[PDB]
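First, one chain by itself in structure tokens, the form deposited in one PDB entry.
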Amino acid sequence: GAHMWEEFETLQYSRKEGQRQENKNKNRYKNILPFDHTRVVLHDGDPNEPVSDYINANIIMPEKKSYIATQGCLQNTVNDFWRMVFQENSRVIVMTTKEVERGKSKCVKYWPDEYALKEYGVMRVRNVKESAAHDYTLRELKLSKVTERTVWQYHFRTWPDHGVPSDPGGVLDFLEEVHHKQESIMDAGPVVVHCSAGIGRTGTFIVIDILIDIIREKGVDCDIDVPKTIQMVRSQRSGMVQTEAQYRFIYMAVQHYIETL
């Protein structure tokens, strides 16, 4: 099933839109950019803005369920993030980082405090309830245009500031709750997943989720091919799964999941 036959090192498309002068301040890191062919294109922007269709985000389709892999918001991209969530009919957001980790900003707070509402450009967001579990906080957000829908933000608490979790139980319990939430909402859009740059932690979460979904359909007997699955996601956003520890964590998580069955 989940055995590692190949080493990480064996793993090692146009990005014109992300490269444009107008978009330079919308990227957290200057050379981590979305491929044109899978980027999320934002419609309905302010007509006073010559460039309003860009956010550093890609759709990931396994090849049902799909994902948006994106970076943590910048102060000047919070409004664009909520335009994306709205437009794509996303109902579940998976945040894999703290706002600040080791004194570096990873994500600007883009949600209001519990029992508050804020307007982010044309989007109104109400935080109606938070639930704080050992590994994560769930925020029940109500999003409307200033047309309401509940967006459930699963904010993982416990990822270490260095390396990866030493056991995958927390991530598996978290993913199982995400799975059931997504499946409870008729025709929900892609699950939004983010971390600082939107490639390392984000890629790790998405690849695990893809492989566990295969086991849900085909059962605990193979075929799983983790390198093939990583290559498949990397054709849709550059560099998904950044480190060897993330790569080992993927196999550990899938093996543990098989153990539960």
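Heads up: residue numbers just count along the shown sequence, starting at 1.
Here the subject shifts to the form deposited with a partner chain bound, a form of this protein not shown in this document.
S.K.: State yes or no: in the entry with it bound, is some non-hydrogen atom of residue 30 no more than 4.5 angstroms from a non-hydrogen atom of the partner chain?
M.R.: The answer is yes: residue 30 has a heavy atom within 4.5 Å of the partner chain.
S.K.: Could you tell me if residue 227 has a non-hydrogen atom within 4.5 Å of the partner chain in the entry with it bound?
M.R.: Although the partner chain is absent here, residue 227 would stay clear of it in the entry with it bound, with no heavy atoms inside 4.5 Å.
S.K.: At the 4.5 Å heavy atom threshold, is residue 45 in contact with the partner chain in the entry with it bound?
M.R.: Close contact is absent here: in the entry with it bound, residue 45 is far from the partner chain, nothing within 4.5 Å, heavy atoms only.
S.K.: Test of understanding: in the entry with it bound, would residue 212 fall inside 4.5 Å of the partner chain by heavy atoms?
M.R.: Judged by the heavy-atom cut-off of 4.5 Å, residue 212 is well away from the partner chain in the entry with it bound.
S.K.: Where, among 189-197, 36-44, 53-61, 212-220, do residues come within 4.5 Å of the partner chain in the entry with it bound by heavy atom distance?
M.R.: Of the stretches listed, the one contacting the partner is 189-197.
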